[PDB]
Amino acid sequence: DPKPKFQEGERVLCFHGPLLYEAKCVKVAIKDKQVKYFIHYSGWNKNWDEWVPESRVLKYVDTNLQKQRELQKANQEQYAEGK
């Protein structure tokens with residue numbers, strides 16, 4: 001569907017599990033009105049590179065970095081509780 005949120009090359013934050021990671025938008029493909037993104041997670045081996053729907057990609061900005069940090073601590077709180 002005309003004009004997607006992200007561009008090839010764009011540094012981004014991408015959701016993977018319950019966590020957000022820095023990442024790059026390697027590819028942008030449109031399918032059936034649904035825009036998809038092929039992503040390489042930075043500092044991550046290319047095998048984990050994957051296709052992701054738009055809803056999993058967030059702009060690399062202060063608001064989302066703060067969200068990243070809050071999910072990190074929340075997750076870290078889950079790990080710490082798992083013992």
# chains A, B, ... in the order shown; residues from 1 in each chain; ligands from 1
>>> residues_around(residues="residue 29 of chain A", least_positions_apart="6", cutoff="10 Å", atoms="only C-alpha atoms", output="short mmCIF file (atom, residue, chain, number, x, y, z; two decimals) with C-alpha atoms, in the first residue's frame")
data_model
loop_
_atom_site.label_atom_id
_atom_site.label_comp_id
_atom_site.auth_asym_id
_atom_site.auth_seq_id
_atom_site.Cartn_x
_atom_site.Cartn_y
_atom_site.Cartn_z
CA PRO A 4 5.59 2.79 3.77
CA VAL A 35 4.10 -3.69 3.53
CA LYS A 36 6.87 -5.97 4.77
CA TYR A 37 10.48 -5.41 5.73
CA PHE A 38 13.51 -7.59 5.50
CA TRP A 51 11.01 -10.59 7.19
CA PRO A 53 5.55 -6.78 9.17
#
>>> select_by_dssp(residues="segment 1-51 of chain A", states="strand (DSSP E)", output="list in words")
residues 11, 12, 13, 14, 15, 20, 21, 22, 23, 24, 25, 26, 27, 28, 29, 30, 31, 34, 35, 36, 37, 38, 39, 40, 41, 50 and 51 of chain A
>>> write_last_selection(atoms="N, CA, C and O atoms", output="mmCIF file, in the first residue's frame")
data_model
loop_
_atom_site.group_PDB
_atom_site.id
_atom_site.type_symbol
_atom_site.label_atom_id
_atom_site.label_comp_id
_atom_site.auth_asym_id
_atom_site.auth_seq_id
_atom_site.Cartn_x
_atom_site.Cartn_y
_atom_site.Cartn_z
ATOM 1 N N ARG A 11 18.315 3.053 9.746
ATOM 2 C CA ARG A 11 18.579 2.477 11.030
ATOM 3 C C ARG A 11 17.234 2.500 11.770
ATOM 4 O O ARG A 11 16.530 3.509 11.738
ATOM 5 N N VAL A 12 16.900 1.402 12.447
ATOM 6 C CA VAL A 12 15.580 1.245 13.054
ATOM 7 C C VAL A 12 15.599 0.451 14.339
ATOM 8 O O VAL A 12 16.606 -0.103 14.759
ATOM 9 N N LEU A 13 14.465 0.404 14.995
ATOM 10 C CA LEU A 13 14.383 -0.424 16.174
ATOM 11 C C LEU A 13 13.389 -1.446 15.776
ATOM 12 O O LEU A 13 12.335 -1.117 15.245
ATOM 13 N N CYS A 14 13.695 -2.697 16.010
ATOM 14 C CA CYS A 14 12.785 -3.702 15.557
ATOM 15 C C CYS A 14 12.491 -4.632 16.684
ATOM 16 O O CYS A 14 13.392 -4.998 17.420
ATOM 17 N N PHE A 15 11.225 -5.024 16.793
ATOM 18 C CA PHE A 15 10.789 -5.983 17.773
ATOM 19 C C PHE A 15 11.153 -7.402 17.329
ATOM 20 O O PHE A 15 11.008 -7.756 16.160
ATOM 21 N N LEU A 20 13.176 -4.951 21.982
ATOM 22 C CA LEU A 20 13.465 -4.116 20.821
ATOM 23 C C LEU A 20 14.969 -4.116 20.499
ATOM 24 O O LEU A 20 15.786 -3.969 21.378
ATOM 25 N N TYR A 21 15.339 -4.236 19.234
ATOM 26 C CA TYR A 21 16.770 -4.208 18.897
ATOM 27 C C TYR A 21 17.095 -3.179 17.846
ATOM 28 O O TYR A 21 16.291 -2.876 16.974
ATOM 29 N N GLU A 22 18.319 -2.687 17.880
ATOM 30 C CA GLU A 22 18.744 -1.797 16.839
ATOM 31 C C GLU A 22 18.805 -2.631 15.590
ATOM 32 O O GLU A 22 19.056 -3.825 15.662
ATOM 33 N N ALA A 23 18.555 -2.027 14.443
ATOM 34 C CA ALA A 23 18.528 -2.810 13.238
ATOM 35 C C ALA A 23 18.506 -1.933 12.032
ATOM 36 O O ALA A 23 18.268 -0.726 12.152
ATOM 37 N N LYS A 24 18.733 -2.562 10.879
ATOM 38 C CA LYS A 24 18.733 -1.913 9.571
ATOM 39 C C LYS A 24 17.633 -2.483 8.669
ATOM 40 O O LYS A 24 17.344 -3.682 8.679
ATOM 41 N N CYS A 25 17.035 -1.609 7.880
ATOM 42 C CA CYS A 25 16.019 -2.011 6.938
ATOM 43 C C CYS A 25 16.684 -2.330 5.590
ATOM 44 O O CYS A 25 16.880 -1.447 4.749
ATOM 45 N N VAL A 26 17.055 -3.588 5.399
ATOM 46 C CA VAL A 26 17.734 -3.993 4.166
ATOM 47 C C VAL A 26 16.795 -3.995 2.967
ATOM 48 O O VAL A 26 17.147 -3.500 1.905
ATOM 49 N N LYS A 27 15.592 -4.537 3.141
ATOM 50 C CA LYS A 27 14.623 -4.611 2.043
ATOM 51 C C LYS A 27 13.203 -4.179 2.429
ATOM 52 O O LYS A 27 12.778 -4.320 3.577
ATOM 53 N N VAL A 28 12.484 -3.670 1.436
ATOM 54 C CA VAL A 28 11.113 -3.206 1.586
ATOM 55 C C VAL A 28 10.291 -3.835 0.482
ATOM 56 O O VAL A 28 10.491 -3.525 -0.691
ATOM 57 N N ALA A 29 9.369 -4.719 0.834
ATOM 58 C CA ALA A 29 8.516 -5.339 -0.177
ATOM 59 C C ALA A 29 7.049 -5.149 0.153
ATOM 60 O O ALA A 29 6.635 -5.271 1.303
ATOM 61 N N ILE A 30 6.269 -4.833 -0.870
ATOM 62 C CA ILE A 30 4.837 -4.644 -0.706
ATOM 63 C C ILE A 30 4.106 -5.882 -1.210
ATOM 64 O O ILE A 30 4.412 -6.400 -2.291
ATOM 65 N N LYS A 31 3.156 -6.360 -0.410
ATOM 66 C CA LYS A 31 2.362 -7.525 -0.767
ATOM 67 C C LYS A 31 0.925 -7.393 -0.285
ATOM 68 O O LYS A 31 0.667 -7.227 0.906
ATOM 69 N N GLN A 34 -0.190 -5.009 2.186
ATOM 70 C CA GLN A 34 0.565 -5.116 3.423
ATOM 71 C C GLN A 34 2.056 -4.954 3.116
ATOM 72 O O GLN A 34 2.620 -5.697 2.311
ATOM 73 N N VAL A 35 2.687 -3.973 3.755
ATOM 74 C CA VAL A 35 4.099 -3.693 3.527
ATOM 75 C C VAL A 35 4.967 -4.490 4.489
ATOM 76 O O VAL A 35 4.711 -4.518 5.688
ATOM 77 N N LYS A 36 5.991 -5.150 3.954
ATOM 78 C CA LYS A 36 6.873 -5.975 4.765
ATOM 79 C C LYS A 36 8.293 -5.437 4.746
ATOM 80 O O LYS A 36 8.663 -4.651 3.884
ATOM 81 N N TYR A 37 9.095 -5.857 5.708
ATOM 82 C CA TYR A 37 10.475 -5.405 5.735
ATOM 83 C C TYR A 37 11.429 -6.532 6.015
ATOM 84 O O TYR A 37 11.216 -7.338 6.921
ATOM 85 N N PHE A 38 12.489 -6.595 5.233
ATOM 86 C CA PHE A 38 13.508 -7.585 5.502
ATOM 87 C C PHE A 38 14.518 -6.899 6.410
ATOM 88 O O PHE A 38 14.989 -5.797 6.112
ATOM 89 N N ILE A 39 14.846 -7.523 7.536
ATOM 90 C CA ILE A 39 15.749 -6.841 8.444
ATOM 91 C C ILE A 39 16.992 -7.582 8.938
ATOM 92 O O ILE A 39 16.992 -8.797 9.200
ATOM 93 N N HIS A 40 18.052 -6.819 9.097
ATOM 94 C CA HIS A 40 19.247 -7.357 9.693
ATOM 95 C C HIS A 40 19.377 -6.727 11.062
ATOM 96 O O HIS A 40 19.408 -5.506 11.195
ATOM 97 N N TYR A 41 19.427 -7.555 12.087
ATOM 98 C CA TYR A 41 19.581 -7.017 13.410
ATOM 99 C C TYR A 41 21.062 -6.723 13.585
ATOM 100 O O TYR A 41 21.920 -7.600 13.349
ATOM 101 N N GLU A 50 15.530 -11.422 8.996
ATOM 102 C CA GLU A 50 14.181 -11.905 8.742
ATOM 103 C C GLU A 50 13.192 -10.896 8.183
ATOM 104 O O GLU A 50 13.420 -9.685 8.198
ATOM 105 N N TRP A 51 12.082 -11.426 7.679
ATOM 106 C CA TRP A 51 11.009 -10.589 7.191
ATOM 107 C C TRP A 51 10.132 -10.238 8.365
ATOM 108 O O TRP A 51 9.917 -11.065 9.260
#
>>> atom_distance(atom1="atom CA of residue 10 of chain A", atom2="atom CA of residue 32 of chain A")
23.1 Å
>>> decode(residues="segment 68-83 of chain A", atoms="N, CA, C and O atoms", output="PDB file, in the first residue's frame")
ATOM      1  N   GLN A  68      12.568   1.111  24.448  1.00  0.00           N
ATOM      2  CA  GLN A  68      13.522   0.005  24.382  1.00  0.00           C
ATOM      3  C   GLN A  68      14.067  -0.287  25.755  1.00  0.00           C
ATOM      4  O   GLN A  68      14.139  -1.438  26.184  1.00  0.00           O
ATOM      5  N   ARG A  69      14.448   0.786  26.435  1.00  0.00           N
ATOM      6  CA  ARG A  69      15.052   0.685  27.756  1.00  0.00           C
ATOM      7  C   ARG A  69      14.070   0.166  28.774  1.00  0.00           C
ATOM      8  O   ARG A  69      14.455  -0.552  29.695  1.00  0.00           O
ATOM      9  N   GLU A  70      12.812   0.570  28.653  1.00  0.00           N
ATOM     10  CA  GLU A  70      11.816   0.087  29.595  1.00  0.00           C
ATOM     11  C   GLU A  70      11.507  -1.386  29.370  1.00  0.00           C
ATOM     12  O   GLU A  70      11.269  -2.105  30.299  1.00  0.00           O
ATOM     13  N   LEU A  71      11.509  -1.837  28.131  1.00  0.00           N
ATOM     14  CA  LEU A  71      11.283  -3.253  27.898  1.00  0.00           C
ATOM     15  C   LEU A  71      12.511  -4.032  28.417  1.00  0.00           C
ATOM     16  O   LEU A  71      12.384  -5.097  28.985  1.00  0.00           O
ATOM     17  N   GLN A  72      13.702  -3.478  28.240  1.00  0.00           N
ATOM     18  CA  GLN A  72      14.913  -4.156  28.702  1.00  0.00           C
ATOM     19  C   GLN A  72      14.836  -4.451  30.177  1.00  0.00           C
ATOM     20  O   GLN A  72      15.013  -5.594  30.602  1.00  0.00           O
ATOM     21  N   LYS A  73      14.549  -3.422  30.963  1.00  0.00           N
ATOM     22  CA  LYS A  73      14.421  -3.579  32.410  1.00  0.00           C
ATOM     23  C   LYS A  73      13.251  -4.489  32.783  1.00  0.00           C
ATOM     24  O   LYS A  73      13.346  -5.310  33.698  1.00  0.00           O
ATOM     25  N   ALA A  74      12.128  -4.330  32.101  1.00  0.00           N
ATOM     26  CA  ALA A  74      11.013  -5.213  32.385  1.00  0.00           C
ATOM     27  C   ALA A  74      11.469  -6.653  32.152  1.00  0.00           C
ATOM     28  O   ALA A  74      11.310  -7.492  33.026  1.00  0.00           O
ATOM     29  N   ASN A  75      12.047  -6.923  30.978  1.00  0.00           N
ATOM     30  CA  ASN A  75      12.556  -8.258  30.669  1.00  0.00           C
ATOM     31  C   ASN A  75      13.567  -8.663  31.734  1.00  0.00           C
ATOM     32  O   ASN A  75      13.439  -9.719  32.345  1.00  0.00           O
ATOM     33  N   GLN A  76      14.556  -7.803  31.976  1.00  0.00           N
ATOM     34  CA  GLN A  76      15.561  -8.095  32.985  1.00  0.00           C
ATOM     35  C   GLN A  76      14.893  -8.450  34.302  1.00  0.00           C
ATOM     36  O   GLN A  76      15.416  -9.265  35.076  1.00  0.00           O
ATOM     37  N   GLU A  77      13.724  -7.864  34.546  1.00  0.00           N
ATOM     38  CA  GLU A  77      13.003  -8.170  35.773  1.00  0.00           C
ATOM     39  C   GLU A  77      12.409  -9.562  35.691  1.00  0.00           C
ATOM     40  O   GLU A  77      12.254 -10.237  36.699  1.00  0.00           O
ATOM     41  N   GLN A  78      12.106 -10.006  34.483  1.00  0.00           N
ATOM     42  CA  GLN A  78      11.571 -11.351  34.318  1.00  0.00           C
ATOM     43  C   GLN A  78      12.671 -12.390  34.513  1.00  0.00           C
ATOM     44  O   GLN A  78      12.454 -13.409  35.163  1.00  0.00           O
ATOM     45  N   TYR A  79      13.845 -12.131  33.943  1.00  0.00           N
ATOM     46  CA  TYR A  79      14.976 -13.030  34.110  1.00  0.00           C
ATOM     47  C   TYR A  79      15.280 -13.167  35.596  1.00  0.00           C
ATOM     48  O   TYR A  79      15.374 -14.282  36.112  1.00  0.00           O
ATOM     49  N   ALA A  80      15.408 -12.026  36.274  1.00  0.00           N
ATOM     50  CA  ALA A  80      15.732 -11.986  37.697  1.00  0.00           C
ATOM     51  C   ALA A  80      14.692 -12.678  38.554  1.00  0.00           C
ATOM     52  O   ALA A  80      14.997 -13.163  39.639  1.00  0.00           O
ATOM     53  N   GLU A  81      13.461 -12.725  38.071  1.00  0.00           N
ATOM     54  CA  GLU A  81      12.409 -13.407  38.808  1.00  0.00           C
ATOM     55  C   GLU A  81      12.423 -14.914  38.546  1.00  0.00           C
ATOM     56  O   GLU A  81      11.898 -15.691  39.347  1.00  0.00           O
ATOM     57  N   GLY A  82      13.028 -15.321  37.431  1.00  0.00           N
ATOM     58  CA  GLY A  82      13.108 -16.727  37.066  1.00  0.00           C
ATOM     59  C   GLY A  82      14.118 -17.526  37.876  1.00  0.00           C
ATOM     60  O   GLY A  82      14.632 -18.542  37.411  1.00  0.00           O
ATOM     61  N   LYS A  83      14.404 -17.057  39.089  1.00  0.00           N
ATOM     62  CA  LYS A  83      15.341 -17.714  39.990  1.00  0.00           C
ATOM     63  C   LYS A  83      14.926 -17.427  41.431  1.00  0.00           C
ATOM     64  O   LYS A  83      14.434 -18.302  42.136  1.00  0.00           O
TER      65      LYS A  83
END
